[PDB]
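Report on the following structure.
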Amino acid sequence: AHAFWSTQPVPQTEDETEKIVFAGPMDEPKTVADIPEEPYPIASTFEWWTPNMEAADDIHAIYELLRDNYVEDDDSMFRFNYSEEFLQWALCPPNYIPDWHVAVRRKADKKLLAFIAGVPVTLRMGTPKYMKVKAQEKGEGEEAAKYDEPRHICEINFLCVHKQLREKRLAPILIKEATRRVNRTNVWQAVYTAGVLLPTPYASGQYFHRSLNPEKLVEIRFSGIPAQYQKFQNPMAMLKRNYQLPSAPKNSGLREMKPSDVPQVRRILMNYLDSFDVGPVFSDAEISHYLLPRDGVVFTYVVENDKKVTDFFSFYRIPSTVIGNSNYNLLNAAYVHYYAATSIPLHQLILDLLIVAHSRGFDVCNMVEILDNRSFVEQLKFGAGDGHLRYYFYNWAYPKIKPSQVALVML
Ligand SMILES: CCCCCCCCCCCCCC(=O)SCCNC(=O)CCNC(=O)[C@H](O)C(C)(C)COP(=O)(O)OP(=O)(O)OC[C@H]1O[C@@H](n2cnc3c(N)ncnc32)[C@H](O)[C@@H]1OP(=O)(O)O
Ligand SMILES: CN1CCC(N(C)c2nc(N(C)CCC#N)c3ccccc3n2)CC1
Ligand SMILES: CN1CCC(N(C)c2nc(N(C)CCC#N)c3ccccc3n2)CC1
Ligand SMILES: [Mg+2]
């Protein structure tokens with residue numbers, strides 16, 4: 001059933017996943033020396049290319065591939081349109097490895113055919129709390145704690161094959177070459193997410209959406225008017241009213257994050273993320289990179305009163321191309337990023353996120369039910385979507401966890 005995934009060091013079934021009691025590697029121990037120096041073989045009409053994603057023109061080339069060929073729905077109504085500025089931010093965080101950005105071009109004219117990207121992340125991925133209990137009950141605490149130390153691994157994203165080259169087994173070759181490059185740097189695990197079900201997720205969560213511009217969402221068929229609104233003389237008026245938000249934030253002392261906030265934000269974020277089984281560890285430089293405001297990319301606000309930062313939230317922008325509506329070309333989505341609340345309830349913090357996103361012309365706010373996102377779903381009028389996000393590791397056995405035990409946001 002899986003000619004490629006059956007050959008890789010990942011759990012092969014749910015049944016197998018059910019028998020996993022400790023975090024740890026799947027594959028044989030290996031060294032950099034064991035890994036082929038030469039690129040993985042590829043057909044003579046293609047070549048490997050390493051784009052420089054700090055170079056505008058190379059970012060533009062990858063941007064076009066994704067714009068035209070990246071994830072879309074089944075009815076081909078919307079396709080993600082990650083911006084050039086967003087790609088540079090996502091793919092060049094502190095201490096990234098240029099070699100982990102892998103492309104295929106056709107040798108002749110140099111058309112870009114495929115891409116995959118890895119970036120470093122420092123991740124807590126030791127045995128989860130509920131399994132450390134099981135291990136205590138069995139007298140197996142030492143084995144359960146072996147991999148407790150945060151690990152420097154690879155996060156994979158942006159896998160894409162050109163539409164004209166689909167179902168030709170190019171994706172496996174891209175994955176093998178990426179794994180080689182990562183392994184040549186003495187890194188042996190990766191983390192990735194996908195909507196599709198592959199062997200085998202360690203966690204899955206549904207997507208949730210919060211309408212900000214319902215009239216446009218209905219126009220482009222992102223949304224429909226729910227049946228109950230038909231009992232009203234003016235269904236759309238009632239829908240707009242239902243999703244109306246304040247025009248300015250409600251929390252006193254809300255303001256954009258600045259460089260001087262980085263230590264406080266790192267403190268409160270890392271204290272909060274510790275509570276979850278799987279989550280990132282960020283340095284100051286990583287907090288700066290992922291959270292300082294960046295125009296059209298990432299938006300981050302802190303609550304500061306009486307000279308102390310007590311709370312923050314962040315969101316990032318991913319637009320989508322609206323395929324052949326006559327009124328609109330673009331869907332402007334805000335996604336819930338990291339946050340931490342110490343002074344106010346989470347719903348009160350995130351309401352200000354919706355208010356700012358609406359103020360700035362976003363059409364919808366999206367998120368997965370990771371972190372404590374379920375805690376403000378109903379009050380803030382989010383609803384579940386049809387999509388899931390499944391979380392995977394490469395070369396890491398891991399017990400199934402609930403999505404509310406995952407604290408890694410994947411872009
Ligand atoms: C230590 C370091 C390790 C680093 C690596 C860690 C692994 C990272 C793994 C990648 C994480 C990516 C995270 C993201 O970016 S998820 C976003 C992925 N991108 C898209 O959905 C964009 C639009 N679609 C496409 O570009 C293509 O359809 C892709 C490229 C997705 C497949 O191309 P194509 O349709 O032309 O097929 P093929 O003939 O070449 O290949 C067929 C094989 O590919 C398996 N397949 C299909 N979709 C995915 C998928 N999303 N992840 C992993 N595998 C996938 C499929 O089961 C089959 O294998 P098997 O079932 O036969 O066994
Ligand atoms: C019936 N219906 C089905 C589409 C529609 N939707 C919610 C939707 N939107 C997708 N994109 C690219 C843009 C979403 C954002 N932000 C998508 C991508 C991949 C897989 C499914 C998907 N579904 C919701 C309305
Ligand atoms: C790796 N990766 C891929 C794009 C993903 N994404 C931004 C995303 N994905 C949606 N689906 C259904 C999973 C698609 C896949 N692969 C989605 C649905 C509705 C609204 C927004 C949405 N956003 C996020 C991370
Ligand atoms: Mg292919």
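In the structure tokens, each chain is lettered A, B, ... as it comes, each chain's residues begin at 1, and ligands are numbered from 1 in order of appearance.
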Note to self: Residues within 10 Å of range 60-68 of chain A, please, as a list in words. Count only C-alpha atoms; anything in the same chain fewer than 6 positions from it doesn't count.
What the structure shows: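 Skipping anything fewer than 6 positions along the chain leaves residues 51, 53, 79, 80, 81, 82, 83, 84, 85, 86, 87, 88, 103, 111, 112, 113, 114, 115, 116, 158, 159, 160, 161, 162, 163, 320 and 321 of chain A.
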What does the file look like for those residues with C-alpha atoms, as an mmCIF file, in the first residue's frame?
data_model
loop_
_atom_site.group_PDB
_atom_site.id
_atom_site.type_symbol
_atom_site.label_atom_id
_atom_site.label_comp_id
_atom_site.auth_asym_id
_atom_site.auth_seq_id
_atom_site.Cartn_x
_atom_site.Cartn_y
_atom_site.Cartn_z
ATOM 1 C CA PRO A 51 18.152 28.147 -3.678
ATOM 2 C CA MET A 53 16.378 32.029 0.324
ATOM 3 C CA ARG A 79 -4.701 27.554 -3.360
ATOM 4 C CA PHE A 80 -2.246 28.822 -0.729
ATOM 5 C CA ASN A 81 -0.258 31.871 -1.786
ATOM 6 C CA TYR A 82 2.501 32.206 0.842
ATOM 7 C CA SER A 83 4.238 35.514 0.176
ATOM 8 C CA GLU A 84 7.892 36.011 -0.668
ATOM 9 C CA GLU A 85 8.371 37.859 2.628
ATOM 10 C CA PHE A 86 6.722 34.998 4.502
ATOM 11 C CA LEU A 87 8.940 32.393 2.805
ATOM 12 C CA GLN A 88 12.108 34.269 3.667
ATOM 13 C CA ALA A 103 14.906 22.003 -5.230
ATOM 14 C CA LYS A 111 12.395 25.327 -15.030
ATOM 15 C CA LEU A 112 11.726 24.761 -11.302
ATOM 16 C CA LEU A 113 9.923 21.411 -10.883
ATOM 17 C CA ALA A 114 9.923 20.669 -7.126
ATOM 18 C CA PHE A 115 10.908 21.885 -3.665
ATOM 19 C CA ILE A 116 11.157 20.796 -0.036
ATOM 20 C CA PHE A 158 6.743 23.247 1.689
ATOM 21 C CA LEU A 159 7.032 19.914 -0.120
ATOM 22 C CA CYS A 160 5.763 20.622 -3.627
ATOM 23 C CA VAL A 161 5.913 18.921 -7.035
ATOM 24 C CA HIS A 162 4.858 20.808 -10.197
ATOM 25 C CA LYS A 163 1.374 19.765 -11.364
ATOM 26 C CA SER A 320 -4.893 32.130 -0.696
ATOM 27 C CA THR A 321 -5.608 32.579 -4.422
#
Next item on the list: Throw together the list of residues within 8 Å of ligand 2, counting only C-alpha atoms and all ligand atoms, and drop it here as number ranges by chain.
Entry: A: 71-75, 77-80, 195, 221-224, 318-321, 331-335, 364-366, 385-387
Item checked: Shortest interatomic distance to residue 219 in chain A - which of A:18, A:236, A:353, A:368, counting only C-alpha atoms ->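 With only C-alpha atoms as the atom set, the closest residue is A:236.
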Checklist line | Shell around residue 327 in chain A at 12 Å using only C-alpha atoms, local window under 6 positions removed, as a VMD selection string | finding: chain A and resid 215 to 221
May I have the selected residues written with N, CA, C and O atoms, as a compact mmCIF listing (two decimals), in the first residue's frame?
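What ended up in again23.txt:
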# COMPACT_ATOMS: atom_id res chain seq x y z
N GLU A 215 -19.41 38.26 4.74
CA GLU A 215 -20.03 38.53 3.44
C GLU A 215 -19.08 38.10 2.33
O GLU A 215 -19.51 37.44 1.40
N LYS A 216 -17.78 38.39 2.49
CA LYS A 216 -16.82 37.95 1.47
C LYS A 216 -16.62 36.44 1.52
O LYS A 216 -16.52 35.79 0.49
N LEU A 217 -16.55 35.85 2.73
CA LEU A 217 -16.38 34.39 2.82
C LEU A 217 -17.53 33.68 2.11
O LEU A 217 -17.32 32.68 1.44
N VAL A 218 -18.75 34.21 2.24
CA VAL A 218 -19.88 33.57 1.58
C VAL A 218 -19.79 33.78 0.06
O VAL A 218 -19.98 32.84 -0.71
N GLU A 219 -19.43 34.98 -0.38
CA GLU A 219 -19.28 35.32 -1.79
C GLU A 219 -18.32 34.33 -2.48
O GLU A 219 -18.61 33.86 -3.59
N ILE A 220 -17.20 34.00 -1.82
CA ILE A 220 -16.16 33.18 -2.46
C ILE A 220 -16.37 31.70 -2.15
O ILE A 220 -15.63 30.83 -2.63
N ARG A 221 -17.42 31.40 -1.37
CA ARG A 221 -17.77 30.02 -1.08
C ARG A 221 -16.75 29.38 -0.14
O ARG A 221 -16.70 28.17 -0.02
Next item on the list: For residue 388 in chain A, work out the shell of residues within 10 Å, counting only C-alpha atoms and skipping chain neighbours fewer than 2 positions away, then give it as a list in words.
Entry: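 Skipping anything fewer than 2 positions along the chain leaves residues 193, 194, 195, 196, 197, 204, 205, 206, 207, 208, 368, 369, 384, 385, 386, 390 and 391 of chain A.
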Mind dumping the selected residues with N, CA, C and O atoms as an mmCIF file, in the first residue's frame?
data_model
loop_
_atom_site.group_PDB
_atom_site.id
_atom_site.type_symbol
_atom_site.label_atom_id
_atom_site.label_comp_id
_atom_site.auth_asym_id
_atom_site.auth_seq_id
_atom_site.Cartn_x
_atom_site.Cartn_y
_atom_site.Cartn_z
ATOM 1 N N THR A 193 4.084 18.205 9.362
ATOM 2 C CA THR A 193 2.638 18.071 9.445
ATOM 3 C C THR A 193 2.106 17.950 8.025
ATOM 4 O O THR A 193 2.757 18.410 7.072
ATOM 5 N N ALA A 194 0.919 17.355 7.895
ATOM 6 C CA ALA A 194 0.225 17.270 6.602
ATOM 7 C C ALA A 194 -1.268 17.120 6.880
ATOM 8 O O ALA A 194 -1.671 16.616 7.945
ATOM 9 N N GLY A 195 -2.077 17.526 5.901
ATOM 10 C CA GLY A 195 -3.509 17.250 5.952
ATOM 11 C C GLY A 195 -3.805 15.776 5.662
ATOM 12 O O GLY A 195 -4.712 15.172 6.274
ATOM 13 N N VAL A 196 -3.035 15.172 4.755
ATOM 14 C CA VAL A 196 -3.262 13.791 4.349
ATOM 15 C C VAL A 196 -2.794 12.835 5.443
ATOM 16 O O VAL A 196 -1.905 13.158 6.223
ATOM 17 N N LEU A 197 -3.414 11.655 5.469
ATOM 18 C CA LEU A 197 -3.077 10.597 6.406
ATOM 19 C C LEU A 197 -1.984 9.734 5.778
ATOM 20 O O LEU A 197 -2.177 9.141 4.721
ATOM 21 N N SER A 204 -3.259 14.285 15.986
ATOM 22 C CA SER A 204 -4.098 14.856 14.931
ATOM 23 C C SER A 204 -5.032 15.873 15.578
ATOM 24 O O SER A 204 -5.577 15.609 16.671
ATOM 25 N N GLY A 205 -5.244 17.003 14.902
ATOM 26 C CA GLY A 205 -6.243 17.931 15.426
ATOM 27 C C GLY A 205 -7.056 18.528 14.272
ATOM 28 O O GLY A 205 -6.552 18.730 13.161
ATOM 29 N N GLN A 206 -8.298 18.883 14.565
ATOM 30 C CA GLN A 206 -9.143 19.521 13.569
ATOM 31 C C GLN A 206 -8.760 20.998 13.437
ATOM 32 O O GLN A 206 -8.317 21.657 14.402
ATOM 33 N N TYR A 207 -9.003 21.538 12.244
ATOM 34 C CA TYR A 207 -8.911 22.977 12.075
ATOM 35 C C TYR A 207 -10.195 23.652 12.560
ATOM 36 O O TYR A 207 -11.286 23.050 12.521
ATOM 37 N N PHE A 208 -10.031 24.924 12.995
ATOM 38 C CA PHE A 208 -11.147 25.771 13.401
ATOM 39 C C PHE A 208 -11.015 27.111 12.679
ATOM 40 O O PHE A 208 -9.914 27.549 12.409
ATOM 41 N N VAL A 368 -5.421 25.307 14.581
ATOM 42 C CA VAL A 368 -5.657 23.896 14.865
ATOM 43 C C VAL A 368 -5.910 23.822 16.370
ATOM 44 O O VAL A 368 -5.472 24.709 17.088
ATOM 45 N N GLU A 369 -6.615 22.773 16.816
ATOM 46 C CA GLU A 369 -6.922 22.614 18.240
ATOM 47 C C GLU A 369 -5.702 22.165 19.066
ATOM 48 O O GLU A 369 -5.847 21.374 20.008
ATOM 49 N N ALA A 384 -15.471 24.292 13.958
ATOM 50 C CA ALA A 384 -14.628 23.277 13.336
ATOM 51 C C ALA A 384 -14.817 23.275 11.819
ATOM 52 O O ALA A 384 -15.938 23.414 11.300
ATOM 53 N N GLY A 385 -13.704 23.102 11.101
ATOM 54 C CA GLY A 385 -13.678 22.931 9.653
ATOM 55 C C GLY A 385 -13.641 21.447 9.289
ATOM 56 O O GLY A 385 -13.729 20.606 10.174
ATOM 57 N N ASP A 386 -13.489 21.134 7.999
ATOM 58 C CA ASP A 386 -13.473 19.751 7.547
ATOM 59 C C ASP A 386 -12.048 19.200 7.627
ATOM 60 O O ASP A 386 -11.824 17.981 7.535
ATOM 61 N N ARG A 390 -2.331 16.598 10.765
ATOM 62 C CA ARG A 390 -1.714 15.457 11.406
ATOM 63 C C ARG A 390 -0.244 15.789 11.613
ATOM 64 O O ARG A 390 0.383 16.370 10.718
ATOM 65 N N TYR A 391 0.249 15.427 12.806
ATOM 66 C CA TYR A 391 1.634 15.638 13.223
ATOM 67 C C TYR A 391 2.388 14.305 13.160
ATOM 68 O O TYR A 391 1.918 13.282 13.663
#
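Between residue 156 in chain A and the candidates A:362, A:130, A:202, A:192, the tightest atom-to-atom separation, counting only C-alpha atoms, involves A:192.
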Next item on the list: State, in Å with one decimal place, the distance from CA of residue 10 in chain A to CA of residue 98 in chain A.
Entry: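 We find that CA of residue 10 in chain A and CA of residue 98 in chain A lie 25.6 Å from each other.
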